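# model the following, please.
(chains A and B, ligands or ions: 6)
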There are 2 protein chains.
Amino acid sequence: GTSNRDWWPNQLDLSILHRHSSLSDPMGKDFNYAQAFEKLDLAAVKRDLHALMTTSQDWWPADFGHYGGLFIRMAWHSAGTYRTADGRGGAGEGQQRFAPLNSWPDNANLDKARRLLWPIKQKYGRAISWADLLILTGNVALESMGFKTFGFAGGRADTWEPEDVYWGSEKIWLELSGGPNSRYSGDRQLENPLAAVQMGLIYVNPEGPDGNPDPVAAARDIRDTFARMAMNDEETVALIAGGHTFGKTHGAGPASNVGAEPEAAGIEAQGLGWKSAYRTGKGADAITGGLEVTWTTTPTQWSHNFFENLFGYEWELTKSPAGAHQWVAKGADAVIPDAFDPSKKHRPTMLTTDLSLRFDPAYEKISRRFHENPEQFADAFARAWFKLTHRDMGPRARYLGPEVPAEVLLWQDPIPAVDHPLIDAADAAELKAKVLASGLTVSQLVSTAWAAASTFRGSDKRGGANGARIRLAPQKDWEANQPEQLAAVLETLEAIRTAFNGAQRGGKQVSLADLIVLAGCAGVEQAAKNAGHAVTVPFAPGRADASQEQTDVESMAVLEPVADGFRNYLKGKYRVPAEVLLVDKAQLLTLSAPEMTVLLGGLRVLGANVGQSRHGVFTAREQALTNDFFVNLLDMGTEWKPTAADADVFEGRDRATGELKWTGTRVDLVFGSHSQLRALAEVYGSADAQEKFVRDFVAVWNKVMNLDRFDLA
Amino acid sequence: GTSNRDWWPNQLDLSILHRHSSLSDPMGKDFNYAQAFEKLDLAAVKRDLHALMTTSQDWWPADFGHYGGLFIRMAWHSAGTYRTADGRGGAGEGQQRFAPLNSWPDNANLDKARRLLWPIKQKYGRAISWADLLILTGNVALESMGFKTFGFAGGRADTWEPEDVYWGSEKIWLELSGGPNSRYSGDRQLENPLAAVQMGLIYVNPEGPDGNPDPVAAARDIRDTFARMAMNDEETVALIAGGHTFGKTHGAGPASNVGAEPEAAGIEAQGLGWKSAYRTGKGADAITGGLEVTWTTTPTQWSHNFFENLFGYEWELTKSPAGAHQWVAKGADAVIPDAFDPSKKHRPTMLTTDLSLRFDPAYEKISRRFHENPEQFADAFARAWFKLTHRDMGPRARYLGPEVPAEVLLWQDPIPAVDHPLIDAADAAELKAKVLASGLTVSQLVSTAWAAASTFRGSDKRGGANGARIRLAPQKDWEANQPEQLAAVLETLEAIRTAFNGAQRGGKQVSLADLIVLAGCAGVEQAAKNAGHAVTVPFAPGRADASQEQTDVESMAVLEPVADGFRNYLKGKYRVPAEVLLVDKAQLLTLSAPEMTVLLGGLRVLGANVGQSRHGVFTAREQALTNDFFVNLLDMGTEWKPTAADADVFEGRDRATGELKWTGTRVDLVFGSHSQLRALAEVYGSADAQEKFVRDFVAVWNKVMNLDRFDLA
Ligand code: HEM
Ligand code: HEM
Ligand SMILES: [Cl-]
Ligand SMILES: [Cl-]
Ligand code: NA
Ligand code: NA
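Numbers count the residues shown, from 1 in each chain, chains lettered A, B, ... in the order given. Ligands and ions are numbered 1, 2, ... in the order given. Please see the structure below:
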């Protein structure tokens, strides 16, 4: 059946903005997952998970009698899809159970692990999400095997369909580099936003880069991918050596024995895949990835043996029973236990990527320190594991349950507690009046508040106006934020704040975070007044100001908007058309197509464009909140053509006279071109729509201002 | 960007069930289009439309000074995509303005016609939908030109995205038949549910079948396609001759001058397409389809000149300036006006498909009667035009405004007015008790009510339990409805009804339509009681009973369920997998994925299956309303295999013992296979879900019962 995607494959796709509707969701409108989890008996769940570790099922028998290794792999894969570039992936939505991740080659036999969890999921029902349960299961595995974790937070709500994520352009699973859709170019430069080396891998190829078993060159890939998942050298070494303290790989026979992944398997498979024709197909005969490595002498217990082996032997290249490259210890005794036969023992083995920890000079120093100081390894691995599994969960206000660690970590972008009375409605009226009396313009106020709030992304719940990080490095210097204009606005607002706070009794004070947002509200209100409308914008106080020492400058860099169509801004020249980047930003902000449409048409006429560009400012009353953008964009009296100078800029001329009326970019004109967007634009451009436009504007403005307000959730 | 549809192109697609969410809709959640339209000043709209017919715009100048013919073409294409097989297409949702219809080749230059309407759309805003406005424009065109229409109903609410419709499998616009995705097979048999001869056409090829200009063979295609749009011979003649009383075709130059269709055009085109390089590109030089025919001597006035010409001249084959086949009267004087040059005149011309009206023997008899009696032609054309443009609008209760025709037409599946007091809650409770005391079983009651209600389809809003047409031909004999069991149930219900109605005073009586639905309610309540839960199923009286004389038997045939996965029924053996047919039927019933999932799992354990098949009845307490379907489907203790006898039937056996527990079909097992459906099944199969299952089941059951109750809107 031919579809629109077939006829027009480079059309903009808006269905990404309408995923996650109440239509697809089985829970009712009012279901609140946080409230459900807070009443779960987490201790009971954890007891059942401990029991499960050693209750082997015959359709997927436990290695060594203990599922712990399988489940730690499951949890690290759940978290391991995370990319800091866009915040997409990670464990926070339980996407491992949906396509494509449920069928990625690197997730082979994790369908078994998830099915082993069904009886527990079933018992506790809606009070524990699959997303939380995957991570909890990983923690319990660690604990069952003697490793004390740093803590755990619940609160990851389940989702009900696949997320739309760009995972690459390759059309072949696991395709090696330099193909027609290569993710690499140059000197092994991985394309953003990707964070894996091959399609359907978590991070790197365990045999080495493109299958070449060079540990030193493998280390370069590990360092780049892990960096792209927000982990530094110490965290990377602690996580790989920690993980590979446990369990084994599965490569007992040729991979051509393994059949269809879950989304390709027959209906009778009931959700499972990778059925193997090799011997019994499971257990001692299991085939997962093709390697056959067991790292330690006690694969079901925490030990210091990973580093003892890594350093204690010299390594020789060999092949697994499936033919993959791997390493064996020269001259060693058979000291490693077999997973099923108590009469068999094996020589120590390693992956190419494990040897990276010893042969990359920077990793070697870390691995040596951990080898010599195993308590330092244990503590780093606990911290790193918590970071791994919580990195996309958002502000600490979202963390639920009795095991949340009290220590505040830099990577959480922490926001100080509020310890004083908050401003009330009378005070907010007085501050808005002082803001309007200072001489700050509509355009300044709206631009500043937009810049502060619009860093939010829903993918990992980072960013937003809480913290007043707009005043700190690096946000205060970002090009999109108009550093010199921003500094003059912050200077005026900080003087207003100091004067208000100095006049208070009791401990009452306003944060600069709240004042930035309240000042934006005042700008909106004034813009409405300019247009003849009486509008109050809602404002919720309670934001606090973070310090520079609570603000990791390097980790903040991934939030910089290099494309922000809501400010008609594009930092350079990209492969992806600007309208596509607009819809991607709308998705990170959590906006639907109508909300993206209303919001952009309002921002244009309010003067939010970077550099005060006239592109898209289709009004003769700038700084007044009207639906002029829409009425004028849709006027068929105006004809549009791309300029000679720049094909991505357009001139709108009176079709009868030839006179120049407007200029616009592709972000602007897409609202008059794309058939779905133009239908939205027409609702807002109609003669009955001025009041609807204003109201809908204020609503979406307020939404954006509150996107990080998990303290109010 | 590789997607799930790329990796797994044959997986089931659920997103068709979640189109039309509150997310995509710009109007607020409480917007009610009927309330808006009822206050429209319809007469004012019509006066603006009248004016517009003769106000030419320079960017698409009006032929003959009058846009009438273009707008009649626009409205017939809006209505003309309708297929009786599934009720999809038609004018009822204004889908011409979205992809792919906005860019079909047969809709070329209709983008201009819709743009000419924007000033009026804009003026009246939400009080007149696009959907309504396309049809109303065509009525006003007819009226402006001297033709008395049969009336007009508003009430078509706008939609905000493309509907998912199967339009064919060809990958080339306008592909001739016999290709690798041919829609024809056998002796020119067009595949169901299609109703056009080539991809991107409305019905037929105006040059003849696959371009062969044989009027006689073109008549066979006309007859078949029109029949598939629900129009018989008299209606088809009246409509083609009617339409071609007006206007002209456009073929001033070679078609290679025409550029990209709207969805492929540049952003500067602002939603328009088919930009032409031939001379001025428009007006006298217009190119639309490539033919150059003007049928009558007065193209802007109703006449009987189409048939005067068709019969009054002998025709000869010739070629337009773009090279398409068409017909000329060479014997004639130059009597037809030129569209732009008052000093030019032309000979009469016809399409091959117009000559079909004279050279197919059955059409000729009709055309002759219309020729000789043009008042009969006018009346037939008015009735057919109303039918054309209203055929997918649903029950007369949805018709809005001051121009609705009072005559009730058989094609409307009419429902008699109710002139008597309705039963109240106490009466409904006494009827439910009498139905349960009669001895009718939960299975019989549920099966009957399901069979009566589940004929509904949202595509054209035909079907449903209103009317009690389950007791009439043909519904009473459909195999899915189990005609002998159905007759025994209806006989018992009719005796209950006669007894209750005979005992009333004051005119109070219950219809059989309402009693069938209330009896289904009693069955569901009793099933809940059997499981130990006291529930009340909501019930809304006011249905009426239609007579056999008010029921077109032949038109009802397209509503027969030949696949109904909710009753595990498949009438024969199809090319499309049964699970795909299930999602199709869900979409026609307007169900989301969660509602489809709850409903099917409840129906299974209530005994709704056709034939009392055990397939999917995964319970040991049949006729009790429990979540057993889901608990037992999801039990990993059971292993599934396709039977030797039938690959579409599966045995569920205890995995340890091999004992046979259950059998199921693909419709059953897809809920255990598809990763999104299995996530839904899990919610209902969890230990905390009994209450939720029952509530959600009653809610969807009630929804289904009420699908056709537009009298309560
Ligand atoms: C460079 C990064 C990594 C590479 C290339 C890698 C590679 C692999 C491979 C190839 C397997 C075998 C799969 C099979 O055939 O069953 C696996 C198993 C496993 N890995 Fe990793 N790994 C990485 C990082 C991690 C991390 C960060 C952790 C956790 C903190 C982890 C914990 C595990 C565990 C516990 C297993 C054993 C599974 C079992 O016993 O079934 N690994 N690893
Ligand atoms: C066998 C069915 C039909 C065929 C093959 C068909 C064919 C066509 C074609 C090829 C054109 C020329 C398009 C262009 O180049 O501008 C057209 C024009 C038109 N058709 Fe039809 N037609 C069909 C039925 C109908 C019906 C049912 C109606 C309305 C009741 C209709 C009303 C019109 C009108 C008014 C025009 C003139 C457009 C203008 O003046 O711009 N036709 N027809
Ligand atoms: Cl994601
Ligand atoms: Cl449709
Ligand atoms: Na994420
Ligand atoms: Na329809």
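# mind naming the longest helix for chain A?
helix A:483-503 (DSSP state H).
# what's that one packed up against?
helix A:425-437, helix A:442-453, helix A:512-530 (3 or more Cβ pairs under 8 Å, 6 or more residues apart in numbering or on different chains; DSSP states H and E). C-beta: built from backbone N, CA, C; applies to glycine.
# could those helices be laid out in CSV, adding mean neighbour count and distance to residue B:421?
Below are these laid out as CSV (neighbours: other Cβ atoms under 10 Å in any protein chain shown; distance: least, Cβ to Cβ, whole Å):
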stretch, mean neighbour count, distance to residue B:421
helix A:425-437, 16, 54
helix A:442-453, 26, 59
helix A:512-530, 25, 53
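# among the ones you listed, which comes closest to ligand 5?
Evaluated over these, closeness to ligand 5 peaks at helix A:442-453, with 19.4 Å, by Cβ to the ion.
# ok so, going back, now the longest helix of chain A, how far from the centre of its chain.
Relative to the chain's own centre, helix A:483-503 is displaced by 33 Å; criterion: Cα atoms, centre = their mean, to the nearest Å.
# in a markdown table: the helices and strands packed on helix A:483-503, plus distance to chain B.
Converted to a markdown table, those look like this (distance: least, Cβ to the nearest Cβ, whole Å):
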| stretch | distance to chain B |
| --- | --- |
| helix A:425-437 | 26 |
| helix A:442-453 | 21 |
| helix A:512-530 | 19 |
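# closest to residue B:654 out of those?
Residue B:654 lies closest to helix A:442-453 among the helices and strands packed on helix A:483-503, at 57.8 Å (Cβ to Cβ).
# for residue A:12, see how far away the residue of the stretch 51-200 of chain A found nearest ligand 6 is.
Closest to ligand 6 within the stretch 51-200 of chain A is residue A:161: 26.1 Å, counting by Cβ to the ion. According to Cβ to Cβ, to the nearest Å, residue A:161 and residue A:12 sit 20 Å apart.
# which of these two has more neighbours?
Between residue A:161 and residue A:12, counted using other Cβ atoms under 10 Å in any protein chain shown, the more crowded position is residue A:161 (20 against 16).
# OK, contacts around the more buried one?
The contact partners of residue A:161, by Cβ atoms under 8 Å, 6 or more residues apart in numbering or on different chains, come to A:19-20, A:24, A:98, B:14, B:676.
# if I pick whichever residue of the stretch 151-300 of chain A sits closest to ligand 5, what's in contact with it?
Residue nearest to ligand 5 within the stretch 151-300 of chain A (Cβ to the ion): residue A:163, separated by 7.9 Å. Listed by Cβ under 8 Å, 6+ apart, the contact partners of residue A:163 are A:19, A:88, A:93, A:95, A:98.
# swap in residue A:271?
Shown in contact with residue A:271 (Cβ under 8 Å, 6+ apart): A:111, A:115, A:262, B:672-673, B:675, B:678.
# could I get the full set of strands for the stretch 201-350 of chain A?
Taking DSSP state E, counting those that start in this stretch as the test, the strands found in the stretch 201-350 of chain A are A:315-319, A:325-329, A:336-337, A:345-346, A:349-350.
# so is the second one next to ligand 1?
Read it as strand A:325-329. No - counting by Cβ under 6 Å from any ligand atom, ligand 1 has no neighbours in strand A:325-329; the shortest distance is 9.3 Å.
# tell me the strands beside that strand, with direction?
Strands that pair with strand A:325-329, judged by DSSP bridges, come out as strand A:315-319 (antiparallel), strand A:349-350 (antiparallel).
# what residues does stretch A:481-498 touch?
Defining contact as Cβ under 8 Å, 6+ apart, one finds that stretch A:481-498 is touched by A:431, A:434-435, A:438-440, A:444-445, A:447-448, A:451, A:470-471, A:475-477, A:510-512, A:515-516, A:519, A:610-611.
# ligand 3 next: which of these are close?
Counting by Cβ under 5 Å from the ion, nothing from the contacts of stretch A:481-498 sits close to ligand 3.
# quick check, distance from the helix or strand harbouring residue A:51 to the centre of its chain.
Secondary structure assignment for residue A:51, by DSSP states H and E: helix A:42-53. Centroid separation between helix A:42-53 and its chain, computed with Cα atoms, centre = their mean, is 29 Å.
# could I get whichever helix or strand comes after that helix in PDB with only the CA atoms?
Next along the chain after helix A:42-53, taking DSSP H and E as the criterion, comes helix A:68-79. Listed next in PDB are the C-alpha coordinates belonging to helix A:68-79 (Å, rounded to 0.1, in the frame of the first residue of the first chain):
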ATOM      1  CA  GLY A  68      22.700 -11.600  37.800                       C
ATOM      2  CA  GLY A  69      25.200 -11.100  34.900                       C
ATOM      3  CA  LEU A  70      22.400 -11.200  32.300                       C
ATOM      4  CA  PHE A  71      20.400  -8.700  34.200                       C
ATOM      5  CA  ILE A  72      23.300  -6.300  34.800                       C
ATOM      6  CA  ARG A  73      23.800  -6.400  30.900                       C
ATOM      7  CA  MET A  74      20.100  -5.800  30.500                       C
ATOM      8  CA  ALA A  75      20.200  -2.700  32.700                       C
ATOM      9  CA  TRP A  76      23.500  -1.300  31.200                       C
ATOM     10  CA  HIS A  77      21.800  -1.800  27.600                       C
ATOM     11  CA  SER A  78      18.600   0.000  28.800                       C
ATOM     12  CA  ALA A  79      20.700   3.000  29.900                       C
END
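# list the buried residues in helix A:68-79.
A:68-79 (16 or more other Cβ atoms under 10 Å in any protein chain shown).
# near ligand 1 at all, the following helix or strand past that helix?
On the C-terminal side of helix A:68-79, the closest following helix or strand by DSSP H and E is helix A:110-116. No - between helix A:110-116 and ligand 1, judged by Cβ under 6 Å from any ligand atom, nothing touches; the nearest distance is 8.4 Å.
# contacts with ligand 3 among the contacts of residue A:163, please.
Contacts with ligand 3 within those, as defined by Cβ under 5 Å from the ion: residue A:88.
# may I ask which two of the contacts of residue A:163 are separated the most?
Taking Cβ to Cβ as the measure, those span a maximum distance of 13.7 Å, between A:88 and A:98.
# the two: who's more crowded?
A side-by-side neighbour count of residue A:88 and residue A:98, using other Cβ under 10 Å, places residue A:88 first with 25 against 20.
# contact partners for that one?
A:81-82, A:163, A:165, A:193, A:459-460.
# quick check: residue A:610 touching residue A:450?
No - using Cβ atoms under 8 Å as the test, residue A:610 is too far from residue A:450 to be in contact (10.4 Å).
# for burial, what's the neighbour tally of the residue of the stretch 601-713 of chain A found nearest ligand 1?
Proximity of the stretch 601-713 of chain A to ligand 1 (Cβ to the nearest ligand atom) peaks at residue A:710, 27.4 Å away. The tally of other residues near residue A:710 (other Cβ under 10 Å) stands at 19.
# so it makes contact with residue A:398?
Yes - assessed by Cβ under 8 Å, residue A:710 is found in contact with residue A:398 at 5.0 Å.
# and for the two, which residues touch both?
Joint contacts of residue A:710 and residue A:398 (Cβ under 8 Å, 6+ apart) are residue A:461.
# the residue lying closest to residue A:67 once chain neighbours are set aside: neighbour count?
Distances taken as Cβ to Cβ, 6 or more residues apart in numbering or on different chains place residue A:53 nearest to residue A:67, at 5.4 Å, with adjacent residues excluded. Other residues within reach of residue A:53, judged by other Cβ under 10 Å, total 22.
# shouldn't residue A:53 be in contact with residue A:70?
No - Residue A:53 lies out of contact with residue A:70 (Cβ under 8 Å); the separation is 9.7 Å.
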